[PDB]
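Sharing a structure below in structure tokens format, with a few things to ask.
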Amino acid sequence: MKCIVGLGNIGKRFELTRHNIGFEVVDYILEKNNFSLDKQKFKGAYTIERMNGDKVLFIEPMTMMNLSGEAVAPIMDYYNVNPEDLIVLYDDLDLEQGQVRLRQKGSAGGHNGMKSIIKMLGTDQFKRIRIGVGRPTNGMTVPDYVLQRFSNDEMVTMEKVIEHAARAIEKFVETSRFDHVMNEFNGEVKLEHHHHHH
């Protein structure tokens, strides 16, 4: 059983904020397959659903971002999930909008949700998809930038990114070949260009 975790903050005022890009990808996968986070446990919203004939566990922590691991770790323990079978979706400041990086393991790169998970699991040996959200270029602090809503201009690219990352998850659940998923999905989505842009 794979465990797909979307990182983010609960509440209507955090909807579509840059720091909730993980939630948005999981929300898209759930709506596309007509699933919902119908259970709750250890402050984590989750569901267990069959998808291509395979049971998959989805989790959105209801802790806040900085405390994400205190839902994820015990829900994984309860359902005996190895870190091998975990994939975490989250926002990356050091990638540009349009970019995604899929990795087998490694550091949080200073992202507080990933740090809470590493601390609670006691390892960084789990899969992740870093989703580019860009840096602030106009003197916003990082906290204010990640807790701000995506503009409609940003969403022209980010809608497609969400679709691209959902497909990466969907392909990983079907095949269980992560390296093959990395090769197909690492990169950028095709940017939307009109004739008049040239």
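Quick note: residue numbers are just sequence positions, from 1. Values below: every heavy atom of this structure, side chains too, minus hydrogens, waters and symmetry copies.
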N/O donor-acceptor pair under 3.5 Å between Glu188 side chain and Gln99 backbone: no
pair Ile4-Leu57: side-chain heavy atoms closer than 4.5 Å: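 The answer is no, as the side chains (C-beta and beyond) never meet within the 4.5 Å cut-off.
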Would you call the rings of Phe172 and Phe178 parallel, tilted or perpendicular, where under 30° means parallel and over 60° means perpendicular?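 Aromatic pair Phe172/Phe178 classed perpendicular.
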Please identify each residue that fulfils side-chain hydrogen bond (donor to acceptor under 3.5 Å, both in side chains) with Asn9, with sequence neighbours left out. none
State plainly whether one hydrophobic cluster holds both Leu16 and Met158, where clusters connect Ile, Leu, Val, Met, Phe, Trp and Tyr through side-chain heavy atoms under 4.5 angstrom apart.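 Same cluster: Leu16 reaches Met158 through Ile, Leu, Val, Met, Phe, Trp or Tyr contacts under 4.5 Å.
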To the closest 0.5 Å, what do you measure between OH (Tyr90) and CE (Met65)? 10.5 Å
Which atom of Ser107 lies closest to which atom of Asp124, heavy atoms considered: N-OD2, 3.9 Å
Got a donor-acceptor contact below 3.5 angstrom from the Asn82 side chain to the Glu84 backbone? no
Apply side chain to side chain contact (heavy atoms under 4.5 Å, CB included) to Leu67 and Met64, showing your working. CA-CA 6 Å; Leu67 305 168; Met64 303 165 272; 4.1 Å; yes
Which is it for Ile59 and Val5 under the side chain to side chain contact (heavy atoms under 4.5 Å, CB included) test, yes or no, and what are the steps along the way? CA-CA 5 Å; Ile59 309 169; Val5 174; 4.2 Å; yes
Between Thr63 and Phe42, is there a side-chain heavy-atom distance shorter than 4.5 Å?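 No, their side chains stay 4.5 Å or more apart.
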If you round to the nearest 0.5 Å, how far is CD of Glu60 from CD1 of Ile10? 6.5 Å
Using the rule given for ring pair (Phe, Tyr, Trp, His ring centres under 6.0 Å), can you reason through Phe14 versus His19, listing the C-alpha separation, both sets of side-chain angles and the distance that settles it, and then say yes or no? CA-CA 8 Å; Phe14 301 106; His19 227 30; 9.2 Å; no
Once you round to the nearest 0.5 Å, how far does OG1 of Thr47 lie from CZ of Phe35? 8.0 Å
Is there a path of hydrophobic side-chain contacts, each under 4.5 Å between heavy atoms of I, L, V, M, F, W or Y residues, that connects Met140 with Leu95?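 No.
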Answer yes or no for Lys41 and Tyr46: cation-pi contact, defined as NZ/CZ to six-membered ring centre under 6.0 Å and angle to ring axis within 45°. no
Within the 4.5 Å heavy-atom criterion, are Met182 and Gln104 side-chain neighbours or not? yes
Heavy-atom side-chain contact between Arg103 and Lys127 under 4.5 Å: no
If you measure from NE2 on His111 to CG on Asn66, what distance do you get to the nearest 0.5 Å? 9.5 Å
Are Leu37 and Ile21 connected in the hydrophobic side-chain network, where two residues link if heavy atoms are under 4.5 Å apart? yes
Close side-chain approach of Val181 and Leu102, heavy atoms under 4.5 Å: yes
Can you tell me how far apart SG (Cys3) and CD1 (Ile87) are? Round to the nearest 0.5 Å.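 Output value for this atom pair is 10.5 Å.
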Pairing residues for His194 by the ring pair (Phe, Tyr, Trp, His ring centres under 6.0 Å) criterion, not counting sequence neighbours: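 Ring pair (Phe, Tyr, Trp, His ring centres under 6.0 Å) list for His194, sorted by chain: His196.
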Contact between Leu30 and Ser36 at the side-chain level, heavy atoms closer than 4.5 Å - yes or no?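 SC-SC contact between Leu30 and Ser36 ruled out.
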Can you tell if the side chain of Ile169 reaches within under 4.5 Å of the side chain of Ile129, non-hydrogen atoms only?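 In contact.
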Assess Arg18 against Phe150: is NZ or CZ under 6.0 Å from the centre of the six-membered ring, and within 45 degrees of the ring's axis? yes
Closest non-hydrogen atoms of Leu7 and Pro61, given as atom of the first, atom of the second and distance, are CD2-CG, 4.4 Å
If only atom types and distance count, is the side chain of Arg128 paired as donor or acceptor with the main-chain N or O of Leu86 below 3.5 Å? no
Side chains of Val142 and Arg135, heavy atoms from C-beta outward: is any pair under 4.5 Å?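 Yes; the side chains approach each other to less than 4.5 Å.
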With a 3.5 Å distance limit and no angle check, can you tell me whether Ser116 reaches the backbone of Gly69 through a side-chain donor-acceptor pair?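 Such a contact is found between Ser116 side chain and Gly69 backbone.
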Have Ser68 and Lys115 got a donor and an acceptor in their side chains that come within less than 3.5 Å? no
Give, for atom CE of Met51 and atom CD of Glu170, the distance between the pair rounded to the nearest 0.5 Å.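 Atom-to-atom, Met51:CE and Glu170:CD are 4.0 Å apart.
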